[PDB]
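**Student:** sequence, then structure. It's an experimental one.
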Amino acid sequence: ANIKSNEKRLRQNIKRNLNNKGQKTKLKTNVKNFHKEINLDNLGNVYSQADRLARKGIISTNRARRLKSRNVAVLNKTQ
Amino acid sequence: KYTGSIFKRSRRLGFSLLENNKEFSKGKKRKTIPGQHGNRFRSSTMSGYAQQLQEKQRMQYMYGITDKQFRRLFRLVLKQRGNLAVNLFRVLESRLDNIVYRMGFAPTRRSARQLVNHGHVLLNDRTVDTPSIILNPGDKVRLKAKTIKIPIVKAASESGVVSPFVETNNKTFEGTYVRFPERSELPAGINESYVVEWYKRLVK
Amino acid sequence: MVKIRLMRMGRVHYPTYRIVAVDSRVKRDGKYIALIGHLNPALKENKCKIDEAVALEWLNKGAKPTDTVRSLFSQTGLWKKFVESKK
Amino acid sequence: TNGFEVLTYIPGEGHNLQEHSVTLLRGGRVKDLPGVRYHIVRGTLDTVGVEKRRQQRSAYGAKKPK
RNA sequence: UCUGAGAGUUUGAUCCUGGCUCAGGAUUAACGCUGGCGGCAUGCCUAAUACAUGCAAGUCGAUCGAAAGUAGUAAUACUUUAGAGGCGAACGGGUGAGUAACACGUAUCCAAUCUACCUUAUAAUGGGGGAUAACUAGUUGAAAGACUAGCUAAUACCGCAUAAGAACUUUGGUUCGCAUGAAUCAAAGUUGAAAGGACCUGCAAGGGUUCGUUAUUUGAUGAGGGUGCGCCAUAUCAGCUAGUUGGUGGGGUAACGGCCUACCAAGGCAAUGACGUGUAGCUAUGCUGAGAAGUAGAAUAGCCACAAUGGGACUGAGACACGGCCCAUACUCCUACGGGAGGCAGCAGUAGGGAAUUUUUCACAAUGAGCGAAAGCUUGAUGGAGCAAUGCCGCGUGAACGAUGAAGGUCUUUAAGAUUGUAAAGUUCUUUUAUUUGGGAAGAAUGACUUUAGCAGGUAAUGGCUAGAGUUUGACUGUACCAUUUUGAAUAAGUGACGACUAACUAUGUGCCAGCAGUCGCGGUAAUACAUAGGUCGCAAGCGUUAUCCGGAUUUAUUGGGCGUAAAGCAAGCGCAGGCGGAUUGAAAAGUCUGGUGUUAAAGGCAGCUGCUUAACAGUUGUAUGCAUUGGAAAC
Ligand SMILES: [Mg+2]
Ligand SMILES: [Mg+2]
Ligand SMILES: [Mg+2]
Ligand SMILES: [Mg+2]
Ligand SMILES: [Mg+2]
Ligand SMILES: [Mg+2]
Ligand SMILES: [Mg+2]
Ligand SMILES: [Mg+2]
Ligand SMILES: [Mg+2]
Ligand SMILES: [Mg+2]
Ligand SMILES: [Mg+2]
Ligand SMILES: [Mg+2]
Ligand SMILES: [Mg+2]
Ligand SMILES: [Mg+2]
Ligand SMILES: [Mg+2]
Ligand SMILES: [Mg+2]
Ligand SMILES: [Mg+2]
Ligand SMILES: [Mg+2]
Ligand SMILES: [Mg+2]
Ligand SMILES: [Mg+2]
Ligand SMILES: [Mg+2]
Ligand SMILES: [Mg+2]
Ligand SMILES: [Mg+2]
Ligand SMILES: [Mg+2]
Ligand SMILES: [Mg+2]
Ligand SMILES: [Mg+2]
Ligand SMILES: [Mg+2]
Ligand SMILES: [Mg+2]
Ligand SMILES: [Mg+2]
Ligand SMILES: [Mg+2]
Ligand SMILES: [Mg+2]
Ligand SMILES: [Mg+2]
Ligand SMILES: [Mg+2]
Ligand SMILES: [Mg+2]
Ligand SMILES: [Mg+2]
Ligand SMILES: [Mg+2]
């Protein structure tokens, strides 16, 4: 009543979830740091992490795009 | 699958197989409806339904046809162009065993049907076993060769008495048929066209 | 990922196929996109009445044929036309 | 088999019903008795068929004399 | 070029209104009697009830370490896979519980979106690092397993160098749009990639083909959203709604959006039917009807929803995932009592419910699907074979001769006679069917692969293309089918009805008793209506009875009815909304008519044709209806 393919897929996606959760938390903390101490330097890090996640497919590329756009809007408004 | 009392049925309907072999007989020359209640009154004034049913039964017993086959053929013919009173007659007469009878190689229609079922008959370019194939004038229906030597072949090859609408080329038993039978060749046993209307009502 | 393939509309002990442009994931004998042409295994000669116009359009669009379909295109010579149009 | 109690006419001459038996009702309507609107099929289940019948026996469930 | 049949029944008798019943089709049918075979098709309508048992999605060693086996003195060669990794498991298969609404059909807008593999085109595929499966050892156990410490490999993972083009912004231009608002630059800033495998040649260096990878580009398919119109019953359901309606900022979603959030307002729907209740998957279509349309949504096909019940989420291009995961509930089962296992509405099959609906099967041989270069592998999808007269179609129980009449039965027109009845007996003949013998396909009139020849790109080699040869592959299958093959009418007929509608009558028995009945109605001691027999009639491997649907029924009347006396004019009036409405001119063109275009999936219906011995059936070509847009007509 069980399939080796299904079991192996579960065992793989556990590790994949761990790694992807780590990356997403890193992105969250970087964007939070940017918003906390707004500075044009942190926007670059936000860009890098969002783009890397969007390529890897962990995050939706359109969400990465909207994050970039809204952070740039905040920066342009403040400067 | 057919009745075994063709004498009784011929005496009831009043019409034999166009030769009166089942009416002349060798006894009593009886031409009355069968059963004890045969010589009674109330002869005419048959209802419309009664006479339609009697005529239909005569038609579909003249060839040994099941009523369901009759409905099938009528549903086939009905859709075409228009008034097919010249087409459905050919349709009804185009039976293979019927064509064998009018060919003259069997004593009786159902005997010809038995021979057809047993496989002593050929076709234009194939062989036929089922005694219901619809034929069209032009097919060379050549008879078998191993059936020409059977102890009962004399009356079969005595086909010189033949209908004009089946052309054999006598002594060659080629037995094709052109010049479709007319109402003259379809005698007064059943010559009516409101059986068509009865099947129009009872069959859409 | 449309795929020119066959589709059965015969009866018991008598198949009859139709070459048709259809998606990969849709079941056999289902919904299709464009019809190419019928086929009878026992048609002796001219077994595949091919279209040669919308079939070429769909392979130009990027349809992936099957083994039997490629064979049918081959005897008539549609594979030559496809390859030379590619070139 | 449902929860409805109906008055049903036994179609035959003589019966083996013993106030407690399993029968198989079909549709029908006897005109004489008001309220009766069903019949009992004879000789299909616990109820015995109608012997001593050679005419129209196929309706009453009687074995062919042979 | 469509195209429609009626009869019985209220009365002493007649005409009309009017209800009931019948003559015709049809089914996922069931039952009684009977029963020989073949070609197609269908076969849990009830308990979305519970399930024993066996199968239903895997594949790749040409991604990677290791291990095992067979050979070999060794170096090594070949085979196999527990594990990591990639792809697929979201397809395919089933069921119709739920759902009265953008669920579905149709037409559209997505300036408000996504899309892996596939198609076209365009740049790169350089260099490092840390780990963990497998394994080793220990603890805990009968085992499932689990925990702890070390050892490894990559196309697993994480950095870095580099952007042809990408994404997000800045500067001003272009062309603008339908209001938000889109489209294109020239320059600039910021951000951003990966992986090699197989083989050939080359002493080497190097070069090359191919598969694959990263970043793009083009389409196409697929998924999602919004809107107009169409789509059940009920007023013996009159108010419903507080994220409900609207505005501002932000968040979230592929996307717009009270989808969410904080603030400010009170609106939104509803007699042209909200809301409530009941019921139901919708559609193409099936059956019926002359038509308008009535009815069921068999099989199959499109779409939706579900997977014991109820929630949540990971991976992923795509799931909130039938045979993946977590939690709760209910139930069943195992235990060595600590703990566990389970979801047949997948294929067969069991119990139960029911009037009732089948093998606990064979093969991947073709078609399709997934992985793979191929070898191939997997495929209860699929193709066959069983069972069942379930329906349509087809063939059989024989043929010729044969008494102005065998026997028996029934009537006797009280000797005679009829009738069954050429029916029978008897003489010859055939073998569809049945039993032996010989031969024996169609599907595989395809094909994948491998040695060859030729062309064909690049060329220094290998792969792709066409022709020939080969392995060539069958569950059905020694099957369909064929032949002068032995025997032989031998192996095969039931069911209903007979007073009228409705084709078809006598006797015996009973005597308002026993019984029949679709309707009128038969039975009270002379019954053609009951029971039996004989005879006859209607069908026939089927025939009757039952249930449901349509017609006939103009009997809800738009086509197509009525309201003085037969059912039906409110007791009458004032009357809002609605319906209808005098004459002439002008404009527009919402109705109306007409031309072009797109679409209305396939199958089904009708017409033609081909193939099964013809048919049923299969295939093939043609064949409408509605919607939208655009262009005209102006009579109403
Ligand atoms: Mg009277
Ligand atoms: Mg069911
Ligand atoms: Mg393995
Ligand atoms: Mg699924
Ligand atoms: Mg199916
Ligand atoms: Mg329901
Ligand atoms: Mg993927
Ligand atoms: Mg390394
Ligand atoms: Mg990697
Ligand atoms: Mg970098
Ligand atoms: Mg009508
Ligand atoms: Mg259906
Ligand atoms: Mg069903
Ligand atoms: Mg269940
Ligand atoms: Mg994901
Ligand atoms: Mg399951
Ligand atoms: Mg699954
Ligand atoms: Mg099952
Ligand atoms: Mg296969
Ligand atoms: Mg049958
Ligand atoms: Mg038949
Ligand atoms: Mg006698
Ligand atoms: Mg005879
Ligand atoms: Mg073959
Ligand atoms: Mg009776
Ligand atoms: Mg009687
Ligand atoms: Mg009506
Ligand atoms: Mg009615
Ligand atoms: Mg009236
Ligand atoms: Mg009145
Ligand atoms: Mg009045
Ligand atoms: Mg009044
Ligand atoms: Mg007034
Ligand atoms: Mg008014
Ligand atoms: Mg269509
Ligand atoms: Mg057809």
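**Tutor:** Alright, I've got the coordinates. Numbering: from 1, shown residues only, chains lettered A, B, ... in the order given. Ligands and ions are numbered 1, 2, ... in the order given.
**Student:** may I see the buried residues of the one helix or strand residue B:89 maps to?
**Tutor:** For residue B:89, the host element (DSSP states H and E) is helix B:88-93. Applying a neighbour-count criterion of 16 or more other CB atoms under 10 Å in any protein chain shown, one finds B:88-90, B:92-93 buried in helix B:88-93. To be clear about C-beta, it is placed using only N, CA and C from the backbone, and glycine gets the same treatment.
**Student:** ok, so of these, who is nearest residue B:75?
**Tutor:** residue B:88 (11.3 Å; CB to CB).
**Student:** for residue B:104, give its distance to residue C:73.
**Tutor:** Taking CB to CB, to the nearest Å as the measure, residue B:104 falls 58 Å from residue C:73.
**Student:** actually residue B:141, not the one I typed
**Tutor:** As for residue B:141, its distance to residue C:73 is 45 Å (criterion: CB to CB).
**Student:** mind checking which of those two has more residues around it?
**Tutor:** residue C:73 (24 against 21; other CB atoms under 10 Å in any protein chain shown).
**Student:** so which residues of chain C form strands?
**Tutor:** Ranges of strands within chain C are C:2-5, C:17-23, C:34-39, based on DSSP state E.
**Student:** Throw these into TSV and include mean neighbour count and distance to residue A:28, thanks.
**Tutor:** Formatted as TSV, the strands of chain C follow (neighbours: other CB atoms under 10 Å in any protein chain shown; distance: least, CB to CB, whole Å):
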stretch	mean neighbour count	distance to residue A:28
strand C:2-5	20	42
strand C:17-23	20	40
strand C:34-39	19	49
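**Student:** could I get those strands as JSON lines with distance to residue D:53?
**Tutor:** Formatted as JSON lines, those follow (distance: least, CB to CB, whole Å):
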{"stretch": "strand C:2-5", "distance to residue D:53": "65"}
{"stretch": "strand C:17-23", "distance to residue D:53": "60"}
{"stretch": "strand C:34-39", "distance to residue D:53": "61"}
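**Student:** for residue A:32, which of those strands is the nearest?
**Tutor:** In terms of CB to CB, the element of the strands of chain C nearest to residue A:32 is strand C:17-23, at 45.1 Å.
**Student:** mind saving the C-alpha coords of the closest one as CSV?
**Tutor:** The C-alpha trace of strand C:17-23 is given here as CSV (Å, rounded to 0.1, in the frame of the first residue of the first chain):
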residue,chain,number,x,y,z
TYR,C,17,-7.1,4.8,-36.9
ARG,C,18,-7.0,8.5,-37.6
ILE,C,19,-3.8,10.6,-37.7
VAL,C,20,-4.6,13.7,-35.6
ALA,C,21,-2.8,16.6,-34.0
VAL,C,22,-3.5,16.2,-30.2
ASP,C,23,-1.9,17.1,-26.9
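**Student:** the inter-axis angle of that strand versus strand C:34-39?
**Tutor:** Strand C:17-23 runs at 160 degrees relative to strand C:34-39, counting by axes from the mean of the first three to the mean of the last three CA atoms, to 10 degrees.
**Student:** and strand C:17-23, anywhere near RNA strand E?
**Tutor:** Yes - for strand C:17-23 and RNA strand E, the contact criterion (CB under 7 Å from any atom of the strand) is met by C:17-18, C:23.
**Student:** okay, and the beta partners of the spatially most central residue of chain C?
**Tutor:** By CA atoms, centre = their mean, the mean C-alpha position of chain C lies nearest to residue C:19, the distance being 3.1 Å. Beta-bridge partners recorded for residue C:19 (DSSP bridges): residue C:37.
**Student:** ok, it - contacts?
**Tutor:** Residues near residue C:19 by CB atoms under 8 Å, 6 or more residues apart in numbering or on different chains: C:4-6, C:36-39, C:48, C:50, C:55, C:69, C:72.
**Student:** how about a cut-off of 10 Å?
**Tutor:** C:4-7, C:35-39, C:48-51, C:55, C:65-66, C:68-69, C:72-73 (CB atoms under 10 Å, 6 or more residues apart in numbering or on different chains).
**Student:** no more questions from me, cheers.
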